[PDB]
There are 4 protein chains.
Amino acid sequence: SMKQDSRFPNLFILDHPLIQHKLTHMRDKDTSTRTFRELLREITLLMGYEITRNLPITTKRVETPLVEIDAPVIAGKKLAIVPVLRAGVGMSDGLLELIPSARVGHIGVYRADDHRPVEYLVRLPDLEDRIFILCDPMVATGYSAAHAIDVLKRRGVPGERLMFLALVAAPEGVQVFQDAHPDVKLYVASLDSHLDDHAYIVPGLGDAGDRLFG
Amino acid sequence: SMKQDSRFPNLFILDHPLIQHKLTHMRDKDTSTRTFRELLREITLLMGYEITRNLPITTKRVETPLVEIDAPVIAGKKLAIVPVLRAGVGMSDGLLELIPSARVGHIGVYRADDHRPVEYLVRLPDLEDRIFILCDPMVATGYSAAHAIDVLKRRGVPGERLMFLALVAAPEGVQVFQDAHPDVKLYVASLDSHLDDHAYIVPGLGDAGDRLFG
Amino acid sequence: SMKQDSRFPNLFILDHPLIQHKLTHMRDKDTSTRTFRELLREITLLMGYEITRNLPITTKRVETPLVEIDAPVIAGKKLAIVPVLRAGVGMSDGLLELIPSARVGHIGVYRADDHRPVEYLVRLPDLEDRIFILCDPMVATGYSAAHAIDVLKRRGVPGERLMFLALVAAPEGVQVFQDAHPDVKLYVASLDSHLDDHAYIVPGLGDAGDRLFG
Amino acid sequence: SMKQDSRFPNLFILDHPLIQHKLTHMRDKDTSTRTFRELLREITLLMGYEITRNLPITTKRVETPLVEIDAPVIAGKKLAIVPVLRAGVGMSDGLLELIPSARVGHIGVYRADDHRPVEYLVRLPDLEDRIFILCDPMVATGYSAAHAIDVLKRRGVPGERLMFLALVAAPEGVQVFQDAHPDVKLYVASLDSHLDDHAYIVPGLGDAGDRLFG
C-alpha cells in the first residue's frame, strides 16, 4: 500500500514488501548493470499497479470459446507514459508492459540546479482528455522533475491530470517540486534522507546513468 | 483489492482493473497464442503482488555506492511455488519473476480425473516452515485442485500454510474444493457462473491446455 | 556455427561465442537460480536459431501502412516443441519465444539407467506431416533421451522428423542415444568429457533440477 | 546468413527465415502495438547474433558444482550499444539482452533533419579500444544515419570500429549513407525498394515512431 510524510501533501511512498525488497537489490552496489535494468522495469510495473487501482472500467462485447459476453476493460489509450530522457526509459518499459495500449511521449531535459531554460526534446501525443505519467528514477534536487512537468503545464494541461513516478527522492527535491507544482502527485518507492555535497541522494542508488549504462 | 462471495469464506477475488482487463483479453478467442501465454504469466505476477502485501520484512546489511545501511528485504527462500502440471507452468513463471529466490516444486495430476488423487509426479522442496503456493489456471470441477492440495496434506502440511492460485473458478468447483479443504485460501481473478455439459467454465476461457499448447 | 565429433555422425555442437559465453555463466556454481533460469531460455532460443536456417519460406498477402505485398513467412504451425519434464520446460520457453505459433507437446519420463518401461506422461499434438523437437538440458546416460524419443518412434514417426535439443552431453550418453536412434539429430551446446560415479556430467552444470528449482 | 546488393559493398542483409518471418509481422498494419514492440526487440536480438559470430573468446576460471575449469567467455565490456533516439531504444533492448555486460551510449538527432548533424544529446562510453554498434529501425533518406555516425567520427573513432544496425533501408538511403561512410558496416533485415513522396520506405513498416509510440 501507500505511505505519507507530514511535510509533503502530494508525495506517496509505495511501501509494499516486494517493491521495498527489489529496491534494496538495486541499492546494492554489487548488483550488475543487467539486474539493475530488470529491477528498474520490475519495480515500476509494481508501482504502476498501485497507482491504477481506481482506473474506471467499461465493457466491450467479447466472444469466449463458449459465449459472447460484456467483459470488463480499461481505456488504456487515454493514458500517456512519458519517460524523462535518458534514465526514465527503463521505467516506461515496465509501465508499457503493464498497459501496452498507452501513448508514449518523451521529454528531454538538461540537468540544471536552478530555474533556467533546459528543454531540448519534447515529443508528445494529443493532449485532449488525457492523463500524463512522467518517470525518472531519481528526484535529487527536484529541478529536473519540475522542468519536465513545466513542459506539460506550458501546454495548458493542469496539475490534476499530471503524475510523476520516481524510485527514490530526497526531501530537498520533493520540496522544490512541491513549490513549483503543488497539485501534481509524486509517487516514490522511498523517501531517502538527504543530498550529499555532489547532489547525490543518500543512501540512494548512486549515479543512475552509470549503473544503467556502465 | 478483493471481493468475496457469501458462499465461500476462503475464496478471494482479485478485481483490480488491470487484472480484469488482462483477463478479458484472455477470454477473447481471437487473442493469438503468443499473447495468451504472456497474459497468463502477467496476470499471475499481479495476483502474486496482491497476495504478498503482508510479507514480513527484515534487514540485510548492504552498501550503496554512497553509504552502508540496514535495508529492507524479504525471506524469499521460505516460499514454494508449485505449478500443477501441465498448464500451471505459465503461472509459476510470473510468480517466479516476482519472487526469484523461491523454491519451485511440481505436482502432476491430470489425472486423479475423478476417483482418487493419482500422482504421476510429485517433486517438492523441504516442508519445514514453508508456505506453498499452488498454481493452475482453471478450477472447473474442483477435483484437480483438491487432489493437488491432498498431495501436500497427506505429506503433513496444514491448510494454514497452503494457498491455491487460479485464473478462473466455477462455483461448483469452489464447493468441491472447500468441502475437502475448508482452510485453504483459494485466489482467483474471477468467479465465473457455471459449468457446461462438458464441464468447461462459462463464460471462462475455453480449453486452457488447447489455447496454451495448440 | 556448427561443430562435430568423429565418434558421433548425428551430434552437432553449436559453438557460437555467445552460446559458449552464456553456457559458462550457467556452469558457474555461484550463479543464482534466477539467472540460471534466464540463461536456460536464452541459450536455447539461440540454439533454435541455428537449427532453423533452412526452414522453408512461403508468402502471404500482407498490408503495410503503405502497400499490399507478398511477404515471407514460415509455417510455424508445422513444428512441435516437446519439452521433457520437468527440466525441459525452461528450454521450450525459449523456442516458444522464437516460434510462438508452434504446437507444444510434453513427455514425462522416469530417470532410469537401463531399458525398462519409464513413461508416465505423453501429451502430443496431431502427428501428421509434423517435425518434433524434444528438449532436456542434460544428456548424461542418454537413457532419458532415448526413452523420450522412443515415445515418438512407438507412434510411427521416423528419425528423419525428430530432433533432440540439449545443453550439455557426455560422450557415454551420446553413444547410448546413437545406438537406439542413429537417424535422430542431437544438438548440443557442449560435448563435455565424462560421467562421474554419480552419473553427473563433468564438468557439466551440476544437478539441473537443484539449480533450476533450488 | 547474409545477402548483398551489387551496389553496396558494406551493406549486409540478414535473411534468416525467422528474421524475414518476424519482419513480416511488423510490416502488417494489423499487428497490435504490444506485439510490434516485442518484435523490434526480438529481431535485433537475432540480428545481433549473426553479427557476433566472430567474437574473440578467452577463458575465465570458473568452478562448476563438480570441478574447476578454464571456461570460454567474451570481452563484453569492449562493446558499446548506442540507440539513436528516440526509436532506437527498442533495438538497444534486444542487443542488451544478448550482451548484458556491454556499455550503453545514446545519440539524439531527430534532428539534423537535413542540413548538418545537430546533436541534441550525445552521451557515450569511453572510446579507447571499443566497437560501437548504433541502432535505428529505419534508414529512409540516410541523413539521420549518416549524422549519427558523424557524431562518433568527429570525436575520433574510425569506420573500422563502427557498425549501424537497422530493420529496413531504402536504396537511396544506403547511397547517402555509404557516400558519407564507405567503411561503416550497415546491417539490415531488408533492403526495401524505394522512397515515396513523403520519404517513407516502401513497402517498409510505416511511421516507426507512430507504431512504437501511438
Side-chain angles (χ1 to χ4, degrees), chain B residues 37 83-90 92-93 96 104-108 110 120-121 123 209 212-214, chain C residues 14 19 22-23 26 33 36-48 51 79-100 102-112 118-125 131-152 162-170 173-174 177 181 184-190 200-201 204-213:
Chain B
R37 294 198 200 109
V84 179
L85 304 173
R86 293 167 321 153
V89 177
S92 191
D93 296 332
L96 248 10
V104 195
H106 296 88
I107 288 158
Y110 85 81
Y120 65 79
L121 182 78
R123 222 101 304 176
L212 294 167
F213 308 137
Chain C
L14 313 188
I19 291 175
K22 280 166 179 299
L23 190 55
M26 286 205 276
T33 54
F36 198 85
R37 278 171 226 138
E38 297 287 24
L39 259 16
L40 214 223
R41 273 156 198 58
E42 278 165 25
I43 272 86
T44 161
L45 174 319
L46 298 177
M47 295 193 289
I51 294 151
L79 269 42
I81 303 321
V82 186
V84 179
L85 293 179
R86 28 171 219 161
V89 162
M91 295 181 72
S92 60
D93 288 359
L95 291 191
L96 249 31
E97 182 156 336
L98 183 78
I99 309 172
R103 303 320 181 120
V104 191
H106 298 87
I107 291 169
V109 104
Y110 289 131
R111 322 288 171 174
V118 282
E119 158 200 323
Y120 66 92
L121 202 74
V122 175
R123 222 115 291 168
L124 290 165
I131 284 161
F132 294 81
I133 299 163
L134 280 69
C135 37
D136 202 343
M138 253 46 195
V139 180
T141 67
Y143 283 100
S144 296
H147 305 320
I149 291 307
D150 262 352
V151 167
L152 281 138
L162 300 170
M163 274 184 243
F164 200 102
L165 238 297
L167 289 188
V168 177
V174 187
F177 178 88
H181 321 288
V184 181
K185 283 161 177 186
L186 172 56
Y187 293 100
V188 120
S190 166
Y200 285 117
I201 294 172
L205 307 165
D207 183 275
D210 287 7
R211 298 207 54 193
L212 288 167
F213 317 126

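Here is how names work: the chains are called A, B, and so on, in the same order as the sequence lines, proteins then strands, and each is numbered from 1. The basis for the numbers below is simple: all heavy atoms, side chains too, and nothing from hydrogens, waters or symmetry mates.
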Distance (rounded to the nearest 0.5 Å) between C:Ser144 OG and C:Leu85 CG:
12.0 Å

Are C:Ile81 and C:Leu96 packed together at the side-chain level, in the sense that at least one heavy-atom pair is separated by less than 4.5 angstrom?
yes

Exactly one of C:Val82, C:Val188, C:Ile133, C:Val139 clears side chain to side chain contact (heavy atoms under 4.5 Å, CB included) with C:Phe164, and that residue is C:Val139

Say you draw a straight line from CZ of C:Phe132 to CG of C:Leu79; how long is it, rounded to the nearest 0.5 Å?
9.5 Å

State the CD1-CG distance between C:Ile19 and C:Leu14, to the nearest 0.5 angstrom.
5.0 Å

Do the non-hydrogen side-chain atoms of C:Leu212 and C:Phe36 ever get within less than 4.5 Å of each other?
yes

Any sub-3.5 Å donor-acceptor pair from C:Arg211's side-chain atoms to C:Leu205's backbone N or O?
yes

Could you pull out the closest heavy-atom pair between C:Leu95 and C:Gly48, with the gap in Å?
CD2-CA, 3.6 Å

At what distance, to the nearest 0.5 angstrom, does CG of C:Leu46 lie from CG of C:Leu23?
11.5 Å

Over all atoms of both residues, closest heavy-atom pair of C:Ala102 and B:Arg37
O-NH2, 3.8 Å

For B:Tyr120 and B:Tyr110 the tightest heavy-atom approach is CE2-N, 3.1 Å

Which heavy-atom pair separates C:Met47 from C:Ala166 by the least distance, and what is that distance?
SD-O, 3.7 Å

Considering all heavy atoms, the nearest B:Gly105-B:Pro83 contact:
O-CD, 3.1 Å

Can you confirm whether B:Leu121 sits close enough to C:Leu121 that some side-chain heavy atom of one is under 4.5 Å from a side-chain heavy atom of the other?
no

For residues 145-152 of chain C, which side-chain N or O atoms pair as donor and acceptor with protein atoms under 3.5 Å away, sequence neighbours left out?
unit_1	atom_1	unit_2	atom_2	d
C:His147	NE2	C:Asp114	O	3.3

Using distance only, find each side-chain donor-acceptor pair of residues 86-94 of chain C under 3.5 Å and give its atom names and separation, not counting sequence neighbours.
unit_1	atom_1	unit_2	atom_2	d
C:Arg86	NH1	B:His106	ND1	2.9
C:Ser92	OG	C:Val89	O	2.7
C:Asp93	OD2	C:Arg41	NH2	3.1

Restricting to salt bridge (charged side-chain N to carboxylate O under 4.0 Å, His left out), what partner residues turn up for B:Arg123, sequence neighbours left out?
none

From C:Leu186 CG over to C:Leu162 CG, what is the distance, rounded to the nearest 0.5 angstrom?
12.0 Å

Run the numbers on C:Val184 and C:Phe177 for side chain to side chain contact (heavy atoms under 4.5 Å, CB included), then give the verdict.
CA-CA 9 Å; C:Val184 181; C:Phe177 178 88; 3.8 Å; yes

If you round to the nearest 0.5 Å, how far is CG of C:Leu134 from CE of C:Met163?
10.5 Å

